[PDB]
Amino acid sequence: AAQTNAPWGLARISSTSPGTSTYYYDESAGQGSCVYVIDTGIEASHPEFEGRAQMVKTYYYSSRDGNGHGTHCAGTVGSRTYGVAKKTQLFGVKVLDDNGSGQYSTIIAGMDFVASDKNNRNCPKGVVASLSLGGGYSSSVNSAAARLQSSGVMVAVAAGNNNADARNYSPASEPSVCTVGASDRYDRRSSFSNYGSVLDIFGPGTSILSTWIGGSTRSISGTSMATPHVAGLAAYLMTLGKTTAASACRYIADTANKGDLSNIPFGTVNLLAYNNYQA
């Protein structure tokens with residue numbers, strides 16, 4: 001399938017080269033796969049989700065995404081226009097309040113929730129979790145991410161927006177999960193993207209256009225927005241049977257675009273998420 005004039009992020013993950021505007025993907029598009037967006041929640045009623053998005057858990061008075069960042073990330077994973085896996089099922093775990101903040105214990109509860117809820121969901125092609133959140137290092141948050149990955153969900157996490165080594169940020173520093181740095185449309189490391197040996201892949205992270213609350217759209221930047229690209233790519237990859245949740249992040253690293261990114265620190269992988277789709 002070919003989506004013309006797609007967001008540069010989508011076109012980039014289906015491209016050996018930057019500067020293109022058409023997203024190419026197998027029409028299965030993550031059908032039968034699931035992506036938990038652990039964030040501020042999802043505007044499930046947004047027309048871009050086509051009834052494929054749904055809140056499954058909130059730890060606050062409402063499951064409504066009063067922030068938009070979780071709706072944005074869910075849009076990058078599997079919205080119809082803005083999404084990697086345009087047919088995946090999106091599940092909202094609102095662990096972040098509408099200010100975008102969440103206690104680690106709530107974030108840990110949401111991760112253990114997904115590890116169990118996936119057994120309440122129909123994901124024959126595989127389960128993915130996209131955590132566009134992060135704070136200082138927490139060996140408990142890392143273990144919660146390790147558990148979620150251990151349970152049979154891919155864990156895609158943001159490297160963080162600190163222009164630092166992600167070793168000091170959780171769940172970015174958890175080695176078993178998939179830590180995603182951010183890149184811009186010129187294949188530069190997104191200036192804000194965290195780096196380091198713990199990073200597993202880079203995704204489109206700068207000026208990412210996707211869904212927003214109020215049925216709208218907007219373009220915002222972050223490793224928190226490269227992460228849904230990789231989470232959507234994972235669900236896309238599990239649906240084609242090219243990988244499993246336990247082996248998706250490495251797979252994406254194995255099939256990535258190598259050495260194409262600029263300003264990658266010495267010691268950080270120079271890998272860009274690439275769907276390897278050949279029309």
# chains A, B, ... in the order shown; residues from 1 in each chain; ligands from 1

call {"tool": "residues_around", "arguments": {"residues": "residue 3 (chain A)", "least_positions_apart": "5", "cutoff": "10 Å", "atoms": "only C-alpha atoms", "output": "PyMOL selection string"}}
result
chain A and resi 10-11+21-25+80-82

call {"tool": "residues_around", "arguments": {"residues": "region 61-64 of chain A", "least_positions_apart": "5", "cutoff": "8 Å", "atoms": "only C-alpha atoms", "output": "list in words"}}
result
residues 41, 42, 43, 55 and 94 of chain A

call {"tool": "write_last_selection", "arguments": {"atoms": "N, CA, C and O atoms", "output": "PDB file, in the first residue's frame"}}
result
ATOM      1  N   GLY A  41      -3.793   8.708  27.759  1.00  0.00           N
ATOM      2  CA  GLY A  41      -5.066   8.244  27.242  1.00  0.00           C
ATOM      3  C   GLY A  41      -5.187   8.511  25.755  1.00  0.00           C
ATOM      4  O   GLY A  41      -4.329   9.135  25.125  1.00  0.00           O
ATOM      5  N   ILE A  42      -6.283   8.022  25.182  1.00  0.00           N
ATOM      6  CA  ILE A  42      -6.545   8.167  23.756  1.00  0.00           C
ATOM      7  C   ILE A  42      -7.926   8.775  23.564  1.00  0.00           C
ATOM      8  O   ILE A  42      -8.891   8.371  24.222  1.00  0.00           O
ATOM      9  N   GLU A  43      -8.018   9.750  22.660  1.00  0.00           N
ATOM     10  CA  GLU A  43      -9.310  10.230  22.177  1.00  0.00           C
ATOM     11  C   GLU A  43      -9.856   9.178  21.218  1.00  0.00           C
ATOM     12  O   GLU A  43      -9.761   9.291  19.993  1.00  0.00           O
ATOM     13  N   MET A  55     -10.164   3.254  25.353  1.00  0.00           N
ATOM     14  CA  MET A  55      -9.570   3.272  26.680  1.00  0.00           C
ATOM     15  C   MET A  55      -9.878   1.960  27.387  1.00  0.00           C
ATOM     16  O   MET A  55     -11.032   1.522  27.433  1.00  0.00           O
ATOM     17  N   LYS A  94      -4.229   5.108  30.553  1.00  0.00           N
ATOM     18  CA  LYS A  94      -3.950   6.464  31.020  1.00  0.00           C
ATOM     19  C   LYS A  94      -3.226   6.382  32.359  1.00  0.00           C
ATOM     20  O   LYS A  94      -3.841   6.383  33.427  1.00  0.00           O
TER      21      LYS A  94
END

call {"tool": "select_by_dssp", "arguments": {"residues": "region 39-265 of chain A", "states": "strand (DSSP E or B)", "output": "ChimeraX atom specification"}}
result
/A:39,53-58,89-94,126-131,135-136,153-158,165,169-170,178-183,188-189,195,201-204,208-212,216-220,257-258,262

call {"tool": "residues_around", "arguments": {"residues": "residue 265 (chain A)", "least_positions_apart": "5", "cutoff": "9 Å", "atoms": "only C-alpha atoms", "output": "ChimeraX atom specification"}}
result
/A:195-196,270

call {"tool": "residues_around", "arguments": {"residues": "residue 96 (chain A)", "least_positions_apart": "2", "cutoff": "8 Å", "atoms": "only C-alpha atoms", "output": "ChimeraX atom specification"}}
result
/A:39-41,94,98-103,107

call {"tool": "write_last_selection", "arguments": {"atoms": "N, CA and C atoms", "output": "PDB file, in the first residue's frame"}}
result
ATOM      1  N   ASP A  39       0.096   6.205  28.261  1.00  0.00           N
ATOM      2  CA  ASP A  39       0.363   7.631  28.144  1.00  0.00           C
ATOM      3  C   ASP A  39      -0.706   8.434  28.878  1.00  0.00           C
ATOM      4  N   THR A  40      -1.232   9.475  28.238  1.00  0.00           N
ATOM      5  CA  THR A  40      -2.276  10.303  28.825  1.00  0.00           C
ATOM      6  C   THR A  40      -3.676   9.829  28.463  1.00  0.00           C
ATOM      7  N   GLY A  41      -3.793   8.708  27.759  1.00  0.00           N
ATOM      8  CA  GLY A  41      -5.066   8.244  27.242  1.00  0.00           C
ATOM      9  C   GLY A  41      -5.187   8.511  25.755  1.00  0.00           C
ATOM     10  N   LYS A  94      -4.229   5.108  30.553  1.00  0.00           N
ATOM     11  CA  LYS A  94      -3.950   6.464  31.020  1.00  0.00           C
ATOM     12  C   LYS A  94      -3.226   6.382  32.359  1.00  0.00           C
ATOM     13  N   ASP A  98      -3.691  14.688  32.881  1.00  0.00           N
ATOM     14  CA  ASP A  98      -3.813  15.568  31.727  1.00  0.00           C
ATOM     15  C   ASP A  98      -2.723  16.634  31.671  1.00  0.00           C
ATOM     16  N   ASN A  99      -1.899  16.754  32.709  1.00  0.00           N
ATOM     17  CA  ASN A  99      -0.693  17.568  32.652  1.00  0.00           C
ATOM     18  C   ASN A  99       0.496  16.802  32.090  1.00  0.00           C
ATOM     19  N   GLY A 100       0.315  15.525  31.754  1.00  0.00           N
ATOM     20  CA  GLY A 100       1.389  14.695  31.254  1.00  0.00           C
ATOM     21  C   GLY A 100       2.247  14.051  32.318  1.00  0.00           C
ATOM     22  N   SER A 101       1.908  14.225  33.590  1.00  0.00           N
ATOM     23  CA  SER A 101       2.702  13.714  34.694  1.00  0.00           C
ATOM     24  C   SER A 101       2.040  12.485  35.301  1.00  0.00           C
ATOM     25  N   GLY A 102       2.871  11.576  35.793  1.00  0.00           N
ATOM     26  CA  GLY A 102       2.382  10.406  36.489  1.00  0.00           C
ATOM     27  C   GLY A 102       3.383   9.928  37.516  1.00  0.00           C
ATOM     28  N   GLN A 103       2.902   9.522  38.687  1.00  0.00           N
ATOM     29  CA  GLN A 103       3.781   8.862  39.638  1.00  0.00           C
ATOM     30  C   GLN A 103       4.303   7.563  39.039  1.00  0.00           C
ATOM     31  N   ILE A 107       2.610   4.404  36.893  1.00  0.00           N
ATOM     32  CA  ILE A 107       3.187   3.939  35.634  1.00  0.00           C
ATOM     33  C   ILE A 107       3.555   2.464  35.733  1.00  0.00           C
TER      34      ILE A 107
END

call {"tool": "residues_around", "arguments": {"residues": "residue 105 (chain A)", "least_positions_apart": "3", "cutoff": "9 Å", "atoms": "only C-alpha atoms", "output": "JSON, numbers by chain"}}
result
{"A": [102, 108, 109, 110, 140, 141]}

call {"tool": "closest_residue", "arguments": {"among": "A:85, A:146, A:269, A:53", "to": "residue 236 (chain A)", "atoms": "only C-alpha atoms"}}
result
A:85

call {"tool": "atom_distance", "arguments": {"atom1": "CA of residue 48 (chain A)", "atom2": "CA of residue 228 (chain A)"}}
result
15.4 Å

call {"tool": "select_by_dssp", "arguments": {"residues": "region 188-245 of chain A", "states": "alpha helix (DSSP H)", "output": "PyMOL selection string"}}
result
chain A and resi 223-239

call {"tool": "write_last_selection", "arguments": {"atoms": "C-alpha atoms", "output": "PDB file, in the first residue's frame"}}
result
ATOM      1  CA  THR A 223      11.521  10.608  21.429  1.00  0.00           C
ATOM      2  CA  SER A 224       8.020  10.122  22.873  1.00  0.00           C
ATOM      3  CA  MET A 225       7.001  10.361  19.211  1.00  0.00           C
ATOM      4  CA  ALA A 226       9.673   8.177  17.693  1.00  0.00           C
ATOM      5  CA  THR A 227       8.451   5.489  20.100  1.00  0.00           C
ATOM      6  CA  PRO A 228       4.959   5.049  18.552  1.00  0.00           C
ATOM      7  CA  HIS A 229       6.651   4.772  15.146  1.00  0.00           C
ATOM      8  CA  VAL A 230       8.593   1.764  16.442  1.00  0.00           C
ATOM      9  CA  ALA A 231       5.601   0.414  18.374  1.00  0.00           C
ATOM     10  CA  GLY A 232       3.501   0.749  15.236  1.00  0.00           C
ATOM     11  CA  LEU A 233       6.314  -0.768  13.190  1.00  0.00           C
ATOM     12  CA  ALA A 234       6.509  -3.660  15.636  1.00  0.00           C
ATOM     13  CA  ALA A 235       2.776  -4.370  15.439  1.00  0.00           C
ATOM     14  CA  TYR A 236       3.126  -4.016  11.682  1.00  0.00           C
ATOM     15  CA  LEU A 237       6.036  -6.488  11.796  1.00  0.00           C
ATOM     16  CA  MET A 238       4.299  -9.003  14.074  1.00  0.00           C
ATOM     17  CA  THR A 239       1.217  -8.985  11.841  1.00  0.00           C
TER      18      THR A 239
END

call {"tool": "residues_around", "arguments": {"residues": "residue 206 (chain A)", "least_positions_apart": "3", "cutoff": "6 Å", "atoms": "only C-alpha atoms", "output": "PyMOL selection string"}}
result
chain A and resi 184+190+221

call {"tool": "closest_residue", "arguments": {"among": "A:256, A:66, A:123, A:241", "to": "residue 26 (chain A)", "atoms": "only C-alpha atoms"}}
result
A:241

call {"tool": "residues_around", "arguments": {"residues": "residue 186 (chain A)", "least_positions_apart": "4", "cutoff": "9 Å", "atoms": "only C-alpha atoms", "output": "compact mmCIF listing (two decimals) with N, CA, C and O atoms, in the first residue's frame"}}
result
# COMPACT_ATOMS: atom_id res chain seq x y z
N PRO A 18 15.99 9.66 3.06
CA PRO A 18 15.13 10.72 3.58
C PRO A 18 14.56 11.57 2.45
O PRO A 18 14.89 11.39 1.28
N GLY A 19 13.68 12.50 2.81
CA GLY A 19 13.17 13.46 1.85
C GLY A 19 12.10 12.94 0.92
O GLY A 19 11.89 13.53 -0.14
N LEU A 261 22.08 8.05 10.00
CA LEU A 261 21.77 9.17 10.86
C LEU A 261 23.03 9.98 11.10
O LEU A 261 24.14 9.45 11.18
N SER A 262 22.85 11.29 11.22
CA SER A 262 23.96 12.17 11.56
C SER A 262 23.86 12.57 13.03
O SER A 262 22.79 12.54 13.64

call {"tool": "closest_residue", "arguments": {"among": "A:200, A:260, A:117, A:27", "to": "residue 91 (chain A)", "atoms": "only C-alpha atoms"}}
result
A:117

call {"tool": "closest_residue", "arguments": {"among": "A:77, A:199, A:115, A:144", "to": "residue 168 (chain A)", "atoms": "only C-alpha atoms"}}
result
A:199

call {"tool": "atom_distance", "arguments": {"atom1": "CA of residue 129 (chain A)", "atom2": "CA of residue 197 (chain A)"}}
result
21.6 Å

call {"tool": "closest_residue", "arguments": {"among": "A:250, A:72, A:258, A:12", "to": "residue 277 (chain A)", "atoms": "only C-alpha atoms"}}
result
A:12
